[PDB]
S.K.: 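Got a structure for you, questions after.
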Amino acid sequence: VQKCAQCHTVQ
Amino acid sequence: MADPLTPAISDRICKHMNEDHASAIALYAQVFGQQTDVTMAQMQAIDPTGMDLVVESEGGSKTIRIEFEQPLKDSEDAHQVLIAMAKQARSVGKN
Ligand code: HEC
Ligand SMILES: [Cl-]
Ligand SMILES: [Cl-]
Ligand code: NI
């Protein structure tokens, strides 16, 4: 369920 | 030359996915592998044209192949396609 961007898009 | 995908890099990626990301692999089997009632699944290998999964379901086990739309040139192509497929698959069950 967790969205991958929570750990793999650093902005 | 540019650095290619290799068997040793494939093995590093597969172990990191099986250790910490197992829920995502069961979603790949359901949405892209046409499987139902999946209890869990693991990545056996990844290669330039697809990945092989072991899928458990209803007390049994089987191996399946998921083919990619375009070939992978290196590990950055592999990283990108695994994240794109997970975003699409989360959308199926949450619409
Ligand atoms: C809660 C944080 C978190 C989330 C969310 C997350 N990851 Fe990861 N991911 C990590 C960590 C930590 C690593 C470093 C390797 C390891 O220990 O698993 C990593 C590594 C990776 C790698 C690189 C492995 C390598 O050997 O180069 C890929 C590909 C990956 N994750 C895919 C995904 C996908 C697909 C999703 C969404 C389904 C996802 N991640 C969501 C924490 C996360
Ligand atoms: Cl690493
Ligand atoms: Cl990593
Ligand atoms: Ni790492």
Side-chain angles (χ1 to χ4, degrees), chain A, chain B residues 1-33 35-57 59-95:
Chain A
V1 167
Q2 288 166 247
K3 286 174 173 206
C4 308
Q6 256 148 32
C7 299
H8 290 283
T9 298
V10 178
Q11 271 172 332
Chain B
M1 30 166 338
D3 266 289
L5 192 70
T6 66
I9 293 173
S10 159
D11 194 67
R12 186 194 77 221
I13 292 173
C14 287
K15 286 178 157 55
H16 282 150
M17 296 299 293
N18 289 338
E19 290 155 358
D20 300 338
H21 305 79
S23 293
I25 309 175
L27 236 73
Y28 297 152
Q30 290 179 36
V31 169
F32 295 99
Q35 300 303 309
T36 59
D37 298 315
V38 175
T39 61
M40 26 179 51
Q42 299 74 226
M43 286 176 69
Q44 177 180 281
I46 185 162
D47 65 56
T49 61
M51 62 185 175
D52 306 318
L53 307 189
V54 175
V55 175
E56 303 93 36
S57 170
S61 171
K62 59 190 290 189
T63 75
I64 66 166
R65 170 78 168 177
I66 288 166
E67 194 86 350
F68 300 134
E69 288 166 14
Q70 289 187 304
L72 313 178
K73 304 180 200 61
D74 62 32
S75 72
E76 180 173 11
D77 286 346
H79 184 106
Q80 297 174 344
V81 80
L82 289 170
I83 288 176
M85 290 175 49
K87 183 168 187 180
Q88 271 280 75
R90 187 178 188 279
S91 174
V92 164
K94 271 186 170 71
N95 285 338

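Chain naming here is simple, since letters A, B, ... match the order of the sequence lines and numbering starts at 1 in each. Every heavy atom of this structure was used, including side-chain atoms; hydrogens, water molecules and symmetry mates were not.
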S.K.: Listed by chain and number, what are the side-chain contact (heavy atoms from CB on, under 4.5 Å) partners of B:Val54, not counting sequence neighbours?
M.R.: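 Applying side-chain contact (heavy atoms from CB on, under 4.5 Å) to B:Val54 gives B:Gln42, B:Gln44, B:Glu56, B:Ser61, B:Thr63.
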S.K.: Taking atom CD1 of B:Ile25 and atom CG of B:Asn18, what is their separation to the nearest 0.5 Å?
M.R.: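 These two atoms lie 4.5 Å from each other.
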S.K.: Where do B:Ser75 and B:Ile9 come nearest, in terms of heavy atoms and distance?
M.R.: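 Between these two residues, the closest heavy atoms are CB-CG2, 3.9 Å.
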S.K.: In chain order, what residues pass the side-chain contact (heavy atoms from CB on, under 4.5 Å) check against B:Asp11, with sequence neighbours excluded?
M.R.: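 Residues passing side-chain contact (heavy atoms from CB on, under 4.5 Å) with B:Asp11: B:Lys15.
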S.K.: Identify the two heavy atoms, one from B:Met85 and one from B:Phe68, that lie closest to each other, and give their separation to 0.1 Å.
M.R.: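 In this case the closest contact between B:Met85 and B:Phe68 is SD-CE2, 4.1 Å.
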S.K.: Would you give the length of the straight line joining atom SG of A:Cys4 to atom NE2 of B:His21, rounded to the nearest 0.5 angstrom?
M.R.: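 Between A:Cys4 SG and B:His21 NE2, I get 7.5 Å after rounding to 0.5 Å.
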S.K.: Using the test ring pair (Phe, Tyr, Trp, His ring centres under 6.0 Å), find all partners of B:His79 that sit at least two apart in sequence or belong to another chain.
M.R.: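 Expected list: A:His8.
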S.K.: Testing B:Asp37, B:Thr36, B:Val55, B:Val38 for side chain to side chain contact (heavy atoms under 4.5 Å, CB included) with B:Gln30, which one passes?
M.R.: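 With B:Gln30 as partner, side chain to side chain contact (heavy atoms under 4.5 Å, CB included) holds for just one option, B:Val38.
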S.K.: Do any N or O atoms from the side chain of B:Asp3 and from the backbone of B:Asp74 form a donor-acceptor pair under 3.5 angstrom?
M.R.: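 It does not hold such a pair.
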S.K.: Atom CG in B:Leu27, atom CD in B:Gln88: separation rounded to 0.5 Å?
M.R.: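 With rounding to 0.5 Å, CG (B:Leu27) is 11.5 Å from CD (B:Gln88).
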S.K.: Would one find more than 12 heavy atoms of other residues, nucleotides or ligands at under 6.0 Å from atom CD of B:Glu19?
M.R.: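 It does: B:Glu19 CD has more than 12 such atoms within range.
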S.K.: Crowded around B:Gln80 CD? As in, over 12 foreign heavy atoms under 6.0 Å?
M.R.: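 Yes, enclosed.
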S.K.: Going only through I, L, V, M, F, W and Y residues with side-chain contacts under 4.5 Å, is there a path from B:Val92 to B:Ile83?
M.R.: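 Different hydrophobic clusters.
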S.K.: Less than 4.5 Å apart, side chain to side chain, heavy atoms only: is that true for B:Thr49 and B:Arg65?
M.R.: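 Yes, at least one pair of side-chain atoms sits under 4.5 Å.
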S.K.: Less than 4.5 Å apart, side chain to side chain, heavy atoms only: is that true for B:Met17 and B:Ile46?
M.R.: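 Not touching, per the 4.5 Å side-chain cut-off.
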S.K.: Taking atom CD of B:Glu69 as the centre, does the number of heavy atoms from other residues, nucleotides or ligands within less than 6.0 Å exceed 12?
M.R.: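 12 or below, so no.
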S.K.: Any chance you could measure B:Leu82, atom CG, to B:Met51, atom CE, to the nearest 0.5 Å?
M.R.: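 Rounded to the nearest 0.5 Å, the CG-CE separation comes to 6.0 Å.
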S.K.: Does B:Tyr28 use its side chain to pair, donor to acceptor, with the backbone of B:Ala41 at less than 3.5 Å?
M.R.: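 Flag not set: sc B:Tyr28 to bb B:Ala41 has no pair under 3.5 Å.
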S.K.: Side chains of B:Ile64 and B:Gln35: does their closest heavy-atom pair fall under 4.5 Å?
M.R.: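 With C-beta onward as the side chain, the pair touches.
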S.K.: Checking side chain to side chain contact (heavy atoms under 4.5 Å, CB included) for the pair B:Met43/B:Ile66: CA distance, chi angles, key distance, verdict?
M.R.: CA-CA 11 Å; B:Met43 286 176 69; B:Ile66 288 166; over 6 Å; no
S.K.: Flag the pair B:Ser23 / A:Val1 as yes when at least one side-chain heavy-atom distance between them is below 4.5 Å, and no otherwise.
M.R.: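 Not touching, per the 4.5 Å side-chain cut-off.
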